[PDB]
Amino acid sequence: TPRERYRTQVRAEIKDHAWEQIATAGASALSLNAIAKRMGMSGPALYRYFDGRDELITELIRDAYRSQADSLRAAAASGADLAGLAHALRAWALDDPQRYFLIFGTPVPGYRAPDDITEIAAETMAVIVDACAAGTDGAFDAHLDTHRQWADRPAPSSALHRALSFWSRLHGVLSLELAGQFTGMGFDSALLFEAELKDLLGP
């Protein structure tokens, strides 16, 4: 609440420059000292905002998850179904590939997250599950009945199975396209994405 919370805004500048360094030199090469020198501050002073690189990484990871959740929440809040949710996910992904890859891409060497980066990952995933209430037979569903601590609200495990399939199928195409893998394949990966979505929607 209080005034000395222009700190939130300098932290926002710090975080901003952190993306630049990630963009140009990659996470892990990311350093609070280059930031400090970039903003003409003392190295120490920058540590009075983030006590170390992992604290900074951690916050960037949290910020990333939070905007993924916002994108998807807005879609469900506008009464969209899985299709709408899939399209929310595409634009969020394509809107900022660097942000996508900090979550879904190459892990940052040496960095171990606090448990609440996954405890903020189930946010996004609750919404998908919500939609997939739109039990059913099959071996993975059976497994999921005893393995679902990531959702006591009350949906048949087939809906959880469908949610996981939506997640993995659409990330498969998003990160393959963002990873440059359909370059020189000359088809329209957006149509591939449409196909995979369609195939997935009540198949």
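We number the residues from 1 along the sequence you see.
Asks: From residue 134 on to residue 135, does the model leave out none, 1 to 3, 4 to 9, or 10 or more residues of the deposited sequence?
Replies: The entry has 4 to 9 unmodelled residues between residue 134 and residue 135.
Asks: Using the PDB record, quantify the missing residues of the deposited sequence between residue 151 and residue 152 as none, 1 to 3, 4 to 9, or 10 or more.
Replies: 1 to 3 residues are missing.
Asks: According to the deposited model, is the average Cα temperature factor higher in 174-182 or in 22-30?
Replies: Per the deposited B-factors, the answer is 22-30.
Asks: If you average the CA temperature factors over each stretch, which comes out higher, 82-90 or 117-125?
Replies: Between 117-125 and 82-90, it is 117-125 that shows the higher mean C-alpha B-factor.
Asks: Say you rank 50, 167, 140, 65 by Cα B-factor from the PDB entry; which sits at the top?
Replies: Max CA B-factor in the entry, restricted to 50, 167, 140, 65: 140.
Asks: Ranking the modelled residues of this chain by C-alpha B-factor as given in the entry, is residue 144 in the lowest, middle or highest third?
Replies: Highest third, going by the recorded CA B-factors of the chain.
Asks: For residue 46, does the deposited CA B-factor place it in the lowest, middle or highest third of the chain?
Replies: Middle third - that is where residue 46 ends up once the chain's C-alpha B-factors are sorted.
Asks: In terms of the chain's CA B-factor thirds, is residue 39 lowest, middle or highest?
Replies: Highest third - that is where residue 39 ends up once the chain's C-alpha B-factors are sorted.
Asks: By the record's CA B-factor, is residue 163 among the lowest, middle or highest third of residues in the chain?
Replies: Residue 163: CA B-factor falls in the middle third of its chain.
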